[PDB]
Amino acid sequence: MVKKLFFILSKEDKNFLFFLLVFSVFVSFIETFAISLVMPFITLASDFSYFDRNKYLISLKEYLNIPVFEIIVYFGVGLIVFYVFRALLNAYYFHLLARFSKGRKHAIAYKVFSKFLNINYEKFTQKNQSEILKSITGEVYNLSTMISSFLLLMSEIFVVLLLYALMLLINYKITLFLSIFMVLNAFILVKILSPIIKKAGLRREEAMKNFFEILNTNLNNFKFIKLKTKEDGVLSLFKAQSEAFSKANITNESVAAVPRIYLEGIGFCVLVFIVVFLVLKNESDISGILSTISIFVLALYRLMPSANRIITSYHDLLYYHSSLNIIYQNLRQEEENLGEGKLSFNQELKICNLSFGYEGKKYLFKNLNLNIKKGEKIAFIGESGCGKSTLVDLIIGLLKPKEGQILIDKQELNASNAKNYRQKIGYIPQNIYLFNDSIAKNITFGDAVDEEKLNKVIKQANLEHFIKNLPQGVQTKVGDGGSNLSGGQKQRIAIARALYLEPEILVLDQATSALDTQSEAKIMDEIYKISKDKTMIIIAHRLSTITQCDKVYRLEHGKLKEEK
């Protein structure tokens, strides 16, 4: 199950991962350094003696660039250099945690998306973009965030270990005491107060509900009240409920405050307790009294986040991780389509005993039979969801027929040539999705440009009077779908996009309703013109768009009739 993780992660990824591990432990040390360096600095900044015994300190003293006024000062400068240094080290560590997680999100998202773009058409189709978006987006977030969380978890569990070690070394007695005390407060808060608070909250809820209940009905009985004259009865009932509510409210609020108040007080108390019992055993009073206390204090506060991060991040390995890691293996060992080798289209697309059903699912056809002479311009009339869109989806490359054939010049369309067959159909979806970019792209669908092919295509789709009257011209961002674009231009742009692949079969998957019949008529006329040298299938939703079709088939549950 790490094999998963190291499969999903690249080489640079795995390396980066290990660097970040090491780095995590190293900052655990730099943390405990920052805490403990307070001990010697404070114990040597007072008392000034120490350079009067002890070989090392007096050796320093007799490096003589300074007396000791200036030695402690240099020591301070070294300390604030170190602390600045540590601030930088920590910033960089968190920045590298970000860099790792977000970079990995970028990489794994891209790998997953690619993986999806390669499954077969029905497979992609049969699940909702809600979930496919979740699959390449939310999951990748989870993995990323979680790995970073693990690294942070490491660094902090070592801060806890090292710091606890330090405390034990300096005064195992006190640290044992502080710890017993720690779990003691933990128990008091979480097992004695939290329940009382929670109840107080429920009491408040119920009392509020009841108060508002009879306030509301008293307001609803206003007419009956007004016809009594006297209002003392309801005011009575209301007073009683309002007192219940008020009371439960003052005690929920009262009890709520106890935990912080308790915390303030216990802090001071345990401090006094430490000095009153541990002034009975000393081992030198002086400034030393602050030396051993400060550490604990420091340590304790530094350990406060250590807890939280360790808790928080642990939860992140719970809620994410597990469920998620599999969802990559079982999403990127995902299988793709197939096929390679060509296929020619000069006579007819024959269909032959088609029959198709989606993976569920009773067939939509059974034994559909038709054929299309090259150039034929046909249309599929139908009762929408009767199967005509699916039919076209079979006639064009996508979707494997449950029973038919589909021959192209008497040659069977299948896995081996489907690439080359798919390659020869333009698409034109009427309700079109452009992406936010420079018209040229879309039209090219990314693929560089070709200026010439791009221009000839724009000319064909008669967008010429549009790309002339635009500021940036062919490079105008289209805002989204548009935003910058209106239906007619969107449509012509989609037509253009289709004509950039060029030939030889145009599908026109017209959407339902247009409320711009004039424009739809014009675009229809244009499309017919530009389908002169080509052959065209129309997934027709109207009629009146199909005036110029050589053939019209109506497909209804679940037979094909020729109409024309």
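In case it trips you up, residue 1 is the first one in the sequence shown, and so on.
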Which wins on mean Cα temperature factor, 86-94 or 283-291?
-> 283-291
Comparing 214-222 with 460-468, the one whose average Cα B-factor in the PDB entry is higher | 460-468
For the C-alpha B-factor as written in the entry, point me to the maximum among 64, 496, 507, 30.
-> 64
Which of 396, 151, 248, 274 ranks first by CA B-factor in the deposited coordinates | 274
Among the modelled residues of its chain, the C-alpha B-factor of residue 304 falls in the third labelled highest
Would you mind ranking residue 373 by its C-alpha B-factor against the rest of the chain and naming the third, lowest, middle or highest?
-> highest
Among the modelled residues of its chain, the C-alpha B-factor of residue 328 falls in the third labelled highest
With respect to C-alpha B-factor, does residue 453 fall in the lowest, middle or highest third of the chain as deposited?
-> highest
Which third of the chain holds residue 535 when residues are ordered by C-alpha B factor: lowest, middle or highest?
-> middle
